[PDB]
Amino acid sequence: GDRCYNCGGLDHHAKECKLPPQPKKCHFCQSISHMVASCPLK
Amino acid sequence: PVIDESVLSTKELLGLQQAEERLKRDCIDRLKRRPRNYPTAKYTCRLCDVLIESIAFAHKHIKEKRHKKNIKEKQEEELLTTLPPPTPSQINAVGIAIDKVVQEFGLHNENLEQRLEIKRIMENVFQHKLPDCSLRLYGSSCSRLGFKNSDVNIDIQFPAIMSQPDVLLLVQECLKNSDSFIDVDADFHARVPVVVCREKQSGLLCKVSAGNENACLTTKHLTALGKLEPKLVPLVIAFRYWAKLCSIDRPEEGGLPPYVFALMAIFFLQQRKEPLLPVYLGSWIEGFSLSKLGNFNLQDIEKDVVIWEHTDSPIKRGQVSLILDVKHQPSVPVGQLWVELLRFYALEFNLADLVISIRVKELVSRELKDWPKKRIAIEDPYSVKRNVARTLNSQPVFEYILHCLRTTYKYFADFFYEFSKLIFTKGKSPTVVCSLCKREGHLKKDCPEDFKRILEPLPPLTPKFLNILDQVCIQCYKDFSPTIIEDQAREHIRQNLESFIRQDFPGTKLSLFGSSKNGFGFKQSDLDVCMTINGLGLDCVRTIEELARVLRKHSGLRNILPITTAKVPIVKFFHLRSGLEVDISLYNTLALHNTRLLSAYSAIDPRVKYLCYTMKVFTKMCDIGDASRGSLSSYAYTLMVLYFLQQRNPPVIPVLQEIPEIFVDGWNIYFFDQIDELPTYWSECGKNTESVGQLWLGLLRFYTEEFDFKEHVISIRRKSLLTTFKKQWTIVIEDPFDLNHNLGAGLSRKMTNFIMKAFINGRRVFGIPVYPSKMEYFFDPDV
RNA sequence: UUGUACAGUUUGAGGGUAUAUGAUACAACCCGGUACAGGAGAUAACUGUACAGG
Ligand SMILES: [Zn+2]
């Protein structure tokens, strides 16, 4: 339904995912620094 | 460094930084070092002070309820602390509310005059019986800090020769005689003895006591503070009303006493940023220290100055002004002082770890006062040892008062205010504490653990059942009666022990005493002996140790055990020739004399022998006979049965002591011992004709009901009734000779309840007409 | 017995069901084409906790 809070994966859910933490981001942003609510394309 | 981020890849260590930031926002941090028990520990939580192994474990911990509620409490505390000082209108409203409360429930000058009139009337009534005594008002009556409902406490001082119990009993007698006081009663077993009365015209409960030290001085100190500083009294009355609404002033339910808050009401003034009430002890006087503060103590007050004395453990006496001699005393309104008081007690002071004292500015550490850090502690100025806030000993009650303080501070930090129980408690209900059992849940008045409350009528006694009771009593006497050969063996054992002891300490003489020579000798009972030295500052401990060492040499004696913690140190061992326990004491002449008295009491009639033997077997069956277990010794039970026999419609046995004085060890040992002509000097001899079984059933009935242990002492010395108060004692039994030794002093409450239950069960089994054996039914542990 | 609070198992009640057009004999979920986020599972008995007892 949604990407894991850690690793940004899709195989497991937020609670299901338990692997070590990974950089926060979304595949749409494509970069760690950029944030969805403020992107160049918008 | 438990772990280093250099290992992680750039994206990896960046994500690890984000994870650490998130954990930090939840009050979870890293570990500088790890314990040997948990080498895998890598995190910790400050709120719970809890170690954590890994990041997954940390994320698991936050999900729990512990951290959630801790963070909620932290948020509430932050909200409380963020509030700024109150605005002038709000503080004026609070002051008006305090004024209204004091006017409605506070004391007035008319009340003080009326109480003075009560005291004068009591003085006039008491002149004919206690002309030299002088009465004064203390506590709430004289302090003005209490409520009009609060009782009238009157202390009567007497010449040093007179004794407190005697003066108080005489006061009760005069109160009973007079008609101005109705409902005269005595509560002599409270914290301080009191006589409670209710004057007819006044209707105000008055408690009369005497010799109340540390109370008159304390109330006069509070009165001086109130007179000199008018701002104190409104705060004290408001705080007392708050305590009453929160239901913590009464110490019966485990709360703090009512007047304690007064000591606290001044305290926050003392510890405030500007001390309104100056301290009375400190480094001002020469040779002062915190360790010496205990010796330092307030002595008296007069002419607006407190005089205090210091005695080294040279004497230093000095007077200090009660109030600061400063013209710039701040004009803080009462409401501001009240709000600052609430803030001080909530989120600005350590109630748990600091002692509330008004003598020294620097907060005395609980360790210096050798007090626990679990709960509140209030220091009374005129009694250093006492911790006046000890009535609260249950953590739930502490949490309740803390919640009351928190809610009232939040409420107190067209504005209108009011003192209400619901607002302060916020729906929480108190937690009554049983002061009698030290437990929680049941009030003293109704509680499962009340032996006195422990009844149904007995069935009628048929002649056959009475005959059966007499037969079983005689059977017990015969079964437990030592034979002649047993007496000869005991004499030989005593002689052998004396001879063996003489080897190391020549001249030693041994005399048998106790069950062996007191007329009531139990089969297989302990052999009690007393050792003396011919022609002889002797240390009981060293002598007992030497005797035990000597006995250890003997092959026959094994498991030698010297005991010195007891009042009379003794050597207890096992003799193979007797095959029984043997106890040896040193210079226990008083024991021999009391045993001889009991022997005479047995010799007068055989009914006494039968009764004592049946009592001993009944006690042994219930597992209360042995003294080492903490229960009353068999001597206490034989004393009880003798006392019962003496005090009965037909007097079975007379008081030998009552019917020249010889002082050995410091007490009189006289008692009529010529039984042969006893009837001549005794006018009631032969009046008793009840059967042994009937007499024993009467004994059980008398002790189960028709007797009081709290208000009477089981003493065989006096035919007349004796009262516990006159002995200043608070089951209690007095020796026939020594009046300062109580056999029930070491008896715990639980064992007393069990003993009363055993007596009730014995009364139930006996006296009920109706087992494989007749004897067994009357003596059965299960029933 | 006493004041307290959570480690595995079950039922009853919860958050979720937004981002889809066709299917699937009683033998078969499918190409999600747009919802926005710094957010990570609550209640009762099943004998395992860490503080106070006296
Ligand atoms: Zn994932």
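Start at 1 and count along the chain as shown; that gives each residue its number.
Header entry for method reads electron microscopy, 3.7 Å.
Note that Cβ sites are derived from N, Cα and C of the backbone, with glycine treated the same way.
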Review point. Which stretch does Swiss-Prot mark as zinc finger, out of B:43-73, B:353-383, B:539-569, B:663-693?
Key: B:43-73
Practice item. Choose the correct range: of B:270-287, B:288-305, B:432-449, B:702-719, which one does Swiss-Prot annotate as zinc finger? Give that range. Key: B:432-449
Revision key, fill the gap. Reduced to three DSSP states, the domain 'PAP-associated 1' (B:334-383) has 12 helix, 5 strand, 33 coil
Exercise for review: Fewest other Cβ atoms within 10 Å: which of the binding-site residues B:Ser525, B:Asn594, B:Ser634 wins that one? Let me know.
Suggested key: B:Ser525
Point to revise | Å between Cα atoms of B:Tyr771 and B:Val770 (gap: 6 unmodelled residues) | key: 10
Study note, to complete from the structure: Cα-Cα, B:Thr638 (UTP binding site) versus B:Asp526 (Mg(2+) binding site), nearest Å, comes out at 16
Study note, to complete from the structure: Across 6 unbuilt residues, the C-alpha atoms of B:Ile659 and B:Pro660 lie a whole number of Å apart, namely 11
Exercise for review: Tally every other Cβ atom lying within 10 Å of the Cβ atom of B:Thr638 (UTP binding site).
Suggested key: 25
Point to revise | From B:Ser313 to B:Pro314, where 16 residues lack coordinates, the CA-CA distance in Å | key: 10
